[PDB]
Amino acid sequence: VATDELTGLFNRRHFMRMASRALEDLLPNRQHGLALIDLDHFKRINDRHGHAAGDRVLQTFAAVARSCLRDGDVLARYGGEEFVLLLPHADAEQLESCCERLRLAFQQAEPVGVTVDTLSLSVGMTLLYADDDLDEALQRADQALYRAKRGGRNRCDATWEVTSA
């Protein structure tokens, strides 16, 4: 009920409670790192390879990602093939380091019993400050994620960076 049976990660509803608490505990001059993560071409993989193969790709991501996180970092299912990452007390440099490490590591991953072409991630990153609301921050992250996707995927974009037009 707290975890996703497939990946072993926290599920969305539990994450929201964890992240909500962490945000309320946030001191004036401090911040958390927050990111939304999409597994690129998941539907294409599921379509060509089948549902069980898609499951193995979700599980491969979870395994890869766990190895990138610190003690106290939180990663959860967000819905579909999307994931949400909270890095307590992290700044932009740390958040970007983590997300780039995840991106590169997933690209190098090898899911058992599948022969996918390319695995890649798109990531939208933002920072969480005291007095922010979690749902508005998730919205901000999702905007950066949109830019990552529209920009060709396999990339991390952030709300603190200049956008295109």
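Don't overthink the numbering: it's just position in the shown sequence, from 1.
In this entry, 2-10 has the higher mean Cα B-factor, the comparison being between 155-163 and 2-10.
Legend: mean Cα B-factor per stretch from the PDB entry, 95-103 versus 116-124; the higher mean is in 116-124. Each of 140, 70, 56, 41 has a CA temperature factor in the record; the biggest one is found at 41. Residue 29: CA B factor in the highest third of modelled residues in this chain (values from the PDB entry). Among all modelled residues in its chain, residue 19 ranks in the middle third by Cα B-factor.
Residue 36: CA B factor lies in the lowest third for its chain, per the PDB record. In the deposited entry, the Cα temperature factor of residue 109 sits in the top third of values across the chain's modelled residues.
When all modelled residues of the chain are sorted by CA temperature factor, residue 130 is found within the highest third.
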